[PDB]
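This report refers to the structure that appears directly beneath it.
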RNA sequence: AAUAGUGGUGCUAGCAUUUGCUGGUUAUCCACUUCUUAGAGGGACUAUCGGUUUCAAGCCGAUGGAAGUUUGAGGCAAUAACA
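Residue numbers (the entry's author numbering), protein chains in the order written: chain c, 5 to 67; chain Q, 3 to 129; chain g, 3 to 319; chain d, 20 to 56; chain F, 20 to 225; chain U, 19 to 121.
Here it is as structure tokens:
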């Protein structure tokens, strides 16, 4: 299966109608030069492992 | 005369005084052996101070504890507060400190609330 | 050739800061140690360059910071001066103290014992000086200062007990006064320190009196001429002091390390400066109390992070 | 009894003082009751 | 191993391997098993346990929440409605009557059958919990791992209540078959077949 | 020359440690046998009453308090020693009692 | 501290008995305050280190600590049309 093994680097801020989701900076482990953001929902901190499917199609920002 | 000390342990207004004496080794919970406490599921919570250091240091001891107060659940927590801190008074009056700290480190590595009781009292309502 | 001091051990038995260590003249195998954390700890000097073994006793009897501990030459008893107006007469075997004291209004700051074992002097932070019996009775209060007091010292009477005992005090009014016991009187007024006097010790001969305060003004005094021979500027803050018992080396415990001098001439042998880890460099730990051997061949140093290190006086190569 | 201030009900029968509670709030000081918590 | 005696007549069977580094009265913690890279950090609290009951202080900062044991967590979730709020002693009776009925069902480690089970049931994708501002839509989103474990365990639990509501079978009979169903990827249990269809429409919406 | 017992149950705690001090003062200047002032658990009074004269408005209440402290001393003395000193330790708000119970 | 409690000395019953573990109560008497109650004081200040920020006010971790969410909860505090 196409796994996407990811590691959060920097936290940026909550965004949303309620701020229920958070935009962070995440890194890919298998390619350590992948600077990309991700709209992760939940309590987040440094140094987490992020399962993921759609490796490219992601909203860079929200209203 | 005999080496003898007193400790006590509390949880949620439930006290448990302890009398330490020296002898073949009898552990008396309010006039009964310790292997008969009625919350049968929590029977091993009282075994935890004994089953951390080995069954060795007790052919020279005698333990009589008695409790008041609390419910049927807190008194299980109260007895193992006074018992576990009851053993160190030998080793802080008679036996040396290197023997003291090795089990001091052994207890508080496993349970901070085996030595220090909790601090979570209740609260008044609609006032 | 010279006294180099290599690291010989490390003690970890406290969680305050140490306040006074104490060695026995008779027994060379133990160390009395007091600290800020309301504890008294007596050690076992297991000579080993990996550690020193056993803190053989603990003494749970007080309620606040203790300041200075003293004992006998052979190691028979022990005394303690904690901040809550309390003085305790300890044994050395069991832990059982004898009698508490009701005599002051402040922190009892410094005490001392005569070698004849009859009187115990006490200077406390309520600008008064008190003397006590062996059973612990009041004899006479003593006034004269107007600021606090830090250290009081009895003279080493090495002249075969020729009725010569006198008490020298480290006040807080930039003042160093000398107090007789046999006639109960002021003896000499020492003038010259410009700030808060921090520590004073005299020579092991009882002849050369050193005094040094907050500015780092090591002002030497004599026992009889009582003059300002040496006025050393330690250019720092010094906390406590150190005299080699057998040799003629006088040392000081500054906040910036550990400095040592010879009597004559002026030999800055070493700076005893230990090593730490993990610090922004405005945060290096430093010692406040230090002590010699019974033969001046080992030196102890307790620090703020509860480490007590030891060295040995071997010759320089 | 009806003591004073349009009350014969809500009397404080406890502690044997028998005061209409409308006329207790203004008399509870000099009896020696005071609120603290 | 050398059963010493006291003036208390102590039974030997609480001293055989319990004085040895095996801790729990019937199982151990040598069996460490990592399946996902997310679970490597916090779920298997490497500490001993005997009864799975203590007064944890984890509810006053959201990451001390992680350090409580897994077995303690599942018992906490058994207080479900206005009949079992506070019957913790009832719950631990249920749980210690379930590992026995696990291992007699042709397997090797009763604590293993749940730690692999939550690997499947941590939902890798998600919807969003927003309408969208009139257009009640569902946009691109993913889940934090510490949030992932929370809903992972809880949906396994709630299926067992109606599985044991009003039918002859007991709770321990439900929790047996549910977790071994949850142990593999079968989607035959309600503990699985409601998290799956969440993820399938999440493969649509985004 | 009889064992006696004194009680004092007052409500001004500052004006009960002056009285209990001068009780043990003049007894010890005559050095009688005594046992120290045993201090009992205090008693509090309370009455909840809602805070409106009429009834029209939101609802929470008051709570009033009154504190009673009580301590007592046992004593033995010749009667001429005690019958004078119990008449010079008066103070308003303070109650004094003598009990000579020797059953 | 017989208007709380244990610790013995006893009178005293069991006692597997055999050293022993449970009892015995007014007054058998003495010695005790840890638990208990109430006076007098003490103790925490965000302490000490690591990050972060105009390096400021502060906010996050950390180990110690009975206690580190204003330490937990209350009491007390007047501008106004409910005639």
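Note that the Cβ used here is the ideal one computed from N, Cα and C, for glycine as well.
Under DSSP, the beta-bridge partners assigned to residue 171 (chain g) are g:154. Taking a Cβ-Cβ cut-off of 9 Å, the neighbours of residue 100 (chain Q) in chain g comprise 55, 56, 57, 58, given in sequence order.
Taking a C-beta distance under 7 Å as the contact criterion, residue 304 (chain g) and residue 20 (chain g) qualify as a contact pair.
At least one CB of chain F lies nearer than 7 Å to the CB of residue 47 (chain c). Counting the other Cβ atoms within 10 Å of the Cβ of residue 156 (chain F) gives fewer than 16, which makes it exposed. Cβ proximity to chain Q below 8 Å picks out 62 from the segment 62-81 of chain g.
One alpha carbon belongs to residue 70 (chain g), the other to residue 13 (chain Q), and they sit about 39 Å apart. Taking a contact as a CB-CB distance under 8 Å, the pair residue 50 (chain Q) and residue 69 (chain F) counts as one, their CB atoms being some 6 Å apart. Residues of the segment 82-97 of chain g whose Cβ lies closer than 9 Å to any Cβ of chain Q, in chain order: 96, 97. Setting aside the 5 residues that flank it on each side, residue 29 (chain U) is surrounded in the same chain by 84, 85, 86, 87, 111, each with a C-beta closer than 8 Å to its C-beta; the list follows chain order. Of all residues in the segment 41-65 of chain c, those with a C-beta nearer than 9 Å to a C-beta of chain F are 42, 43, 44, 45, 46, 47, 48, 49, 51, 52, 53, 54, 55, 56, 57, 58, 61, 62, 63, reading in chain order. When the beta-carbon positions are compared, residue 175 (chain g) and residue 147 (chain g) come within less than 7 Å of each other. In this structure, the straight-line span from the alpha carbon of residue 254 (chain g) to that of residue 233 (chain g) is close to 14 Å.
In this structure, DSSP gives residue 42 (chain d) a helical state, which the three-state scheme calls helix. Residue 57 (chain F) sits in coil when the DSSP states are folded into three classes, being neither helix nor strand. Residue 138 (chain g) is positioned such that its CB atom lies no closer than 7 Å to that of residue 131 (chain g).
Take the alpha-carbon of residue 231 (chain g) and the one of residue 72 (chain g): they are about 30 Å apart.
By the C-beta criterion, the segment 58-69 of chain F is judged not to be in contact with the segment 22-31 of chain Q, since fewer than 3 inter-stretch pairs fall below 8 Å. Here residue 6 (chain Q) carries a coil assignment [DSSP, helix/strand/coil]. Only 25, 26, 27, 28, 29, 35, 36, 37 from the segment 22-37 of chain Q bring a Cβ to less than 8 Å from some Cβ of chain F.
Residue pairing by DSSP places residue 29 (chain Q) opposite Q:65 in a beta bridge.
For the 7 Å CB-CB criterion, residue 117 (chain U) and residue 23 (chain U) form a contact. Per DSSP, reduced to three states, the secondary structure at residue 289 (chain g) is strand. Along the length of the segment 144-220 of chain F, whole alpha helix (DSSP H) runs at least 4 residues long occupy 164-182, 190-202, 209-212, reported in chain order. Residues of chain g whose Cβ lies closer than 7 Å to the Cβ of residue 95 (chain Q) are, in chain order, 97. Assigned with DSSP and collapsed to three states, residue 21 (chain Q) falls in strand. Only 144, 145, 147, 148, 149, 150, 151, 152, 158, 159, 160, 161, 162, 163, 164, 165, 166, 167 from the segment 144-167 of chain F bring a Cβ to less than 9 Å from some Cβ of chain c.
Taking each of F:170, F:174, F:152 in turn and checking the Cα distance to residue 21 (chain c), the smallest one comes out for F:152. Interface criterion met: the Cβ of residue 25 (chain c) is under 7 Å from a Cβ in chain F. At a Cβ-Cβ threshold of 7 Å, residue 4 (chain Q) and residue 20 (chain Q) do not count as neighbours. Residue environment analysis places residue 92 (chain Q) among the buried positions, since at least 16 neighbouring C-beta atoms fall within 10 angstroms of its C-beta. With a 10 Å radius around the Cβ and a threshold of 16 neighbouring Cβ atoms, residue 79 (chain Q) comes out buried.
Around the beta carbon of residue 52 (chain c), 16 or more other beta carbons sit within 10 angstroms, so the residue counts as buried. Between residue 309 (chain g) and residue 4 (chain g), the C-beta gap is not smaller than 7 Å, which leaves the two residues out of contact. Considering only U:20, U:38, U:51, the residue with the shortest C-alpha distance to residue 27 (chain U) is U:38. In terms of beta-carbon proximity, residue 189 (chain F) stays away from the interface with chain Q, with every pair separated by 7 Å or more.
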